[PDB]
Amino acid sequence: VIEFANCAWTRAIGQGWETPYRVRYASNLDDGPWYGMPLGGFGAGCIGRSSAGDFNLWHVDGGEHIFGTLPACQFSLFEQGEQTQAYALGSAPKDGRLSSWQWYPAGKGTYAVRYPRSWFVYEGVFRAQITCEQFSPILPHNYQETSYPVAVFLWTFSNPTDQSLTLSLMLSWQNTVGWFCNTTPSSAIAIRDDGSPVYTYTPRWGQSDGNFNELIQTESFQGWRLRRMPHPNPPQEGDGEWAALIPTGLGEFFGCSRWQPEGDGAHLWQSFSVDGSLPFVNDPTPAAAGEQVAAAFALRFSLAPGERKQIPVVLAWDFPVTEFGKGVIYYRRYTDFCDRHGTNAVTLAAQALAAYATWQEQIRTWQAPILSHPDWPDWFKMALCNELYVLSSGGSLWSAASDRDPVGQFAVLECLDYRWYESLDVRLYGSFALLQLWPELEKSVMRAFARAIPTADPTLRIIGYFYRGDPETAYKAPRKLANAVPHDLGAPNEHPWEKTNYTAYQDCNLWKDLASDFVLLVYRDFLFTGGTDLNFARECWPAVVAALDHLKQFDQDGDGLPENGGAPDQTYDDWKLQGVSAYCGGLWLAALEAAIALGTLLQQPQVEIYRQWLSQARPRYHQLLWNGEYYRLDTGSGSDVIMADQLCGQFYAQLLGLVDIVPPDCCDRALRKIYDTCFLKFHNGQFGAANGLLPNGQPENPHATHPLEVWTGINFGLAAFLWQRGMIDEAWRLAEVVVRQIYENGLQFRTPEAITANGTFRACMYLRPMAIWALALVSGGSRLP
């Protein structure tokens, strides 16, 4: 019933972790290990349900994070054969709400995920065989259903006994209309102890005044709908509705539109647990001050010995507005297929009821090349799908179409701790999945970068790295310089896409990697979507020119190579570099090569300038940095550290079909050293490749941050590089280590930037690990959807 369970992440239902990874800094986010698969489309707002059955992640407010169970949001099962049994399929509340309810025994079945499909298989409690498959229609190359705020729960019931069974399936849900908005928007921005800017989120959690629920009963479908009176027009953030529907004709429908989710639940349970019915209630009286309201329905049916029945239950949520900074209003993409009124949940659920079997067939179809691939291990097939989860839960935005953005604009947060979008350094490896599966979204992201590059905001703001607790005294830099390459596309407390370079940790006006990243991403996106989108190319080309001139100014001595200096000036933003670095120098060489290739196609005059620079810079890079076994960190520090990601530029150059930026034998020697040192002499290869070690496997400084962390996404980029250079076995072994760390130690569906050798993590729900797709791309040959 679970298709290809070996290519799925599995855990017994409600089975926890003895010692899961924990956050390395106490100021940062750690909700604990009970993340399950997120439900809902990209930019739809999403909800997540744990492997214990709890609906515990609430991302209905775009870009905002709420973790916590609403126990009344739950499926419950009744069975009568010889005995009678009924259970709610989550954890017993720790506070004694719903005290009359019984909660399904832990460990009596399996939870399985291959995103966007998940299954609960209950076994050992009911006589019947029961599977709930939960999915949303996440569909590569589909810019419609992939945006939808719907979840399908497909239930399969089989009777293996020779005794007839009566079953009832209940869905209850609390009405949270109006909860998911910020009552303190555009709040004072603090500097956290780590130096990141943060704002205050005060949601209207538990504020249900005016909320009301109604039964839905037509010839085609029945269920309930959750609303609020009055519903303004236009809607504000938080305004909308929920609906859940089943088809008619499957059994006997009981509807109770209004019950009390903070009470003991006995009005429901007294019926349900006894015969599988509910008291009939259609009562749309709006909730009083201080009162919570929930709905429920149940479908009762018989199952003859050997019979098998399916019941599609769909859940939709229409919350059309995403407000960022006060007054900054966007509509969600899915409104392009209904409307912007916030009155369409039944329409979306009805669509889901009609199309769910098509959607499921389509998911099977796009996963089939991955699952059948002869040269990929099962653990990899699983991780390739599962790492996609972040496109839904990473505060994802997908706005309504316009003329200049015909499928909408798109953005994933860097993470929850670092609350800004599509960080350019991070997406250099993080964006490979988006490129492969939603190239139109990928291109919209890069166009947003291109539009921002010529913009400026000269306003001085505090730089977190230097902040010492006194605003008046604190070092400040201009928010953005004209033609500098922004770090990110803004934040959910300000203005995504339009107000860029939000992070204040460093002055990214000074970064020596961003410009080269920009160019490489533009050329990659053009190249890998077939080399025919001349519109994209011509739109980005002025920004390519601006970016390369921006970065050239940091070539102080005129050898052709930009020089690192000052505070950390690249993606390793705790790590000071001095002079030409392997890292930035290499990205620059690849970027020049990219601009030359693209500029030649577009017939642009700057190509000759770039060729001149490249002719000086490429030989000089090797001449300054080759030490005999690897490339030195940088020309100025005198460090002997082997930086794992030193030849990122050579990975990219070869990926883009461009000329090698270094001699190919030196590339392979360096790569061999990195593997043998950063990986095999770091705690014996137990965690993956550390970012920087001495040739003897020791830290240069034992008090360092970045050098001694294993970055998931860097590892996956390194694995792709290994594979590309013919070190196939190495590649699989490195990638395998990192996948096992994530999936075994309680980081599933919140993959972090970093793990340590001390069982800690940094920055859960991170953008970079989607770089697993880069390994898929280099190794997939012909396949991939």
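Residue numbers run from 1 along the displayed sequence.
S.K.: If you take the mean CA temperature factor per stretch, which one wins between 407-415 and 677-685?
M.R.: Stretch with the greater average CA B-factor: 677-685.
S.K.: For the stretches 746-754 and 728-736, which has the higher mean C-alpha B-factor as given in the deposited record?
M.R.: The stretch with the larger mean CA B-factor is 728-736.
S.K.: Highest Cα temperature factor in the entry, among the options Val607, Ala349, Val177, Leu215: which one is it?
M.R.: Within the set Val607, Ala349, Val177, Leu215, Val607 shows the top C-alpha B-factor.
S.K.: Which of these has the highest Cα B-factor in the record: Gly306, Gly649, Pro542, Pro496?
M.R.: That would be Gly306, according to the entry.
S.K.: By the recorded C-alpha temperature factor, relative to the other modelled residues in its chain, which third is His703 in?
M.R.: For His703, the deposited C-alpha B-factor lands in the highest third.
S.K.: Based on the entry's values, in what third of the chain does the Cα temperature factor of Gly759 lie: lowest, middle or highest?
M.R.: Answer is highest: the recorded C-alpha B-factor places it there.
S.K.: Going by the CA temperature factor in the PDB record, which third of the chain does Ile47 belong to: lowest, middle or highest?
M.R.: Middle third, going by the recorded CA B-factors of the chain.
S.K.: Quick check for you: using the entry's CA B-factors within this chain, is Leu169 in the lowest, middle or highest third?
M.R.: Ranked within chain, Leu169 CA B lands in the highest tercile.
S.K.: Sort the modelled residues of this chain by their C-alpha B factor and say whether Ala771 lands in the lowest, middle or highest third.
M.R.: Lowest third of the chain for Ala771's C-alpha B-factor.
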